[PDB]
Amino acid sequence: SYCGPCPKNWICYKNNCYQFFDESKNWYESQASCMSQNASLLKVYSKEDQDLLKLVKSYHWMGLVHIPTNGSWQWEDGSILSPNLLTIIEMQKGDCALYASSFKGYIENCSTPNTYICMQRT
């Protein structure tokens, strides 16, 4: 049997599609990039289904954002960051988060160019 459907040449794994874009962009152009391909920035929801994230080098924008007013981290789809998924680490004053293995989120200035990971379910 097959994995997908996914965008062409994307990683496919447990009903999820992934692509690692090595072009450095700030969080917002990264978001725009994933959108333009009918996808979103990486959403971490399961250590098991997304266990491949354990062996990813370097740092990459994911879809986690801090809304200062409620003091909470949430994904692009509005869902709250589920507990015991990511270790959030203060690094730079900012409202966005870089994914780093193993299942870490480094707080970073949304304006800082970084590589990024797009994700598309099903």
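Residues carry their position along the shown sequence, with the first being 1.
Taking the mean C-alpha B-factor of each stretch as recorded, 37 to 45 and 73 to 81 are not equal, and the higher mean is that of 73 to 81.
Between 92 to 100 and 64 to 72, the higher mean Cα B-factor belongs to 64 to 72.
Annotation for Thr115: CA B-factor lies in the lowest third of the chain's modelled residues. In this PDB entry, the Cα temperature factor of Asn109 sits in the middle third of its chain's modelled residues. In the PDB entry, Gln19 places in the lowest third of its chain by CA B-factor.
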